[PDB]
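In: output the structure for:
(chains A, B, C and D)
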Amino acid sequence: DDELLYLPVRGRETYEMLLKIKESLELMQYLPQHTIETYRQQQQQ
Amino acid sequence: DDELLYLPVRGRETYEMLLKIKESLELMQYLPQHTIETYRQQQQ
Amino acid sequence: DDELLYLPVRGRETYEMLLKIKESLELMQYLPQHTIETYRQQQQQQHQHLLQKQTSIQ
Amino acid sequence: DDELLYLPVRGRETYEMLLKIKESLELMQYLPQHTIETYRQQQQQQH
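Out: Residues are numbered from 1 along each chain as shown, chains lettered A, B, ... in the order given. Shown next is the structure:
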């Protein structure tokens, strides 16, 4: 949830890819619950 | 520029992992770029 | 189940990123399960058993 | 090329997800490149 964990990565290219996915997953907590629904009602539209 | 594309997936479990990643990547566009920079600066 | 499903994606950049992740996840099925288990055991050991210590269920 | 880097992750769920992706990317080296081409050709056959 808030646990600080370290992921060992081999190479800059893999690191940059995992960093972009890590960021998107962590940034979801900075989104309002209304945005997360607005988008989800737009997905089935 | 955001077109609608369909990704064929083999397996339920792979589909679920990909769905969670797709949502988080697409939802980033609904964040102000200032919030993304505020977060990135806080990470370093 | 290993069924054919279609994931709708908005944007080329997200699609290409998902395409690369899908390929590596699907390509793992082309490896013997014994290779995957061995690789995972070798990963557990390294970095003062970091991946072992960071395992949630024990 | 394959420099050891540590990615700090906040949250168990994000960590487990990234760990599974990292593993799949690293395990691809254990595949013969003929298998990767066979798979890619088979993917554009059902497209």
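In: how about the strand or helix carrying residue A:38 and chain B, touching?
Out: Residue A:38 is part of helix A:35-43, with elements assigned from DSSP states H and E. Yes: counting by Cβ under 8 Å from any Cβ of the partner chain, chain B has neighbours in helix A:35-43: A:35-36, A:38-39. From N, CA and C alone the C-beta is placed, and that goes for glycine too.
In: looking at those residues, spot the one nearest chain B.
Out: Using Cβ to the nearest Cβ, residue A:35 comes nearest to chain B of these, at 5.1 Å.
In: list the contacts for the closest one?
Out: Counting by Cβ atoms under 8 Å, 6 or more residues apart in numbering or on different chains, residue A:35 makes contact with B:27, B:30.
In: return the set of buried residues in the longest helix along chain A.
Out: Across chain A, the helix with the greatest residue count (assigned by DSSP state H) is helix A:12-27. Across helix A:12-27, burial judged by 16 or more other Cβ atoms under 10 Å in any protein chain shown covers A:14-15, A:17-19, A:21-27.
In: burial check on residue A:5, number of neighbours?
Out: Neighbourhood size, residue A:5 [other Cβ atoms under 10 Å in any protein chain shown]: 20.
In: where does it land in three-state SS?
Out: strand (DSSP: H, G, I helix; E, B strand; the rest coil).
In: tally up the residues packed near residue A:11, please.
Out: Residue A:11: 15 neighbours (other Cβ under 10 Å).
In: now it. Nearest residue, chain neighbours left out?
Out: Spatially, and ignoring its direct neighbours in sequence, residue A:11 is nearest to residue D:2 (4.8 Å; Cβ to Cβ, 6 or more residues apart in numbering or on different chains).
In: list the backbone torsions phi and psi for the one you found.
Out: phi -120, psi 40 (degrees, to the nearest 10).
In: what sits against the residue in chain A that chain B sits nearest to?
Out: Going by Cβ to the nearest Cβ, chain B is nearest to residue A:24 of chain A, at 4.0 Å. By Cβ under 8 Å, 6+ apart, residue A:24 lies in contact with B:21, B:24-25, B:27-28.
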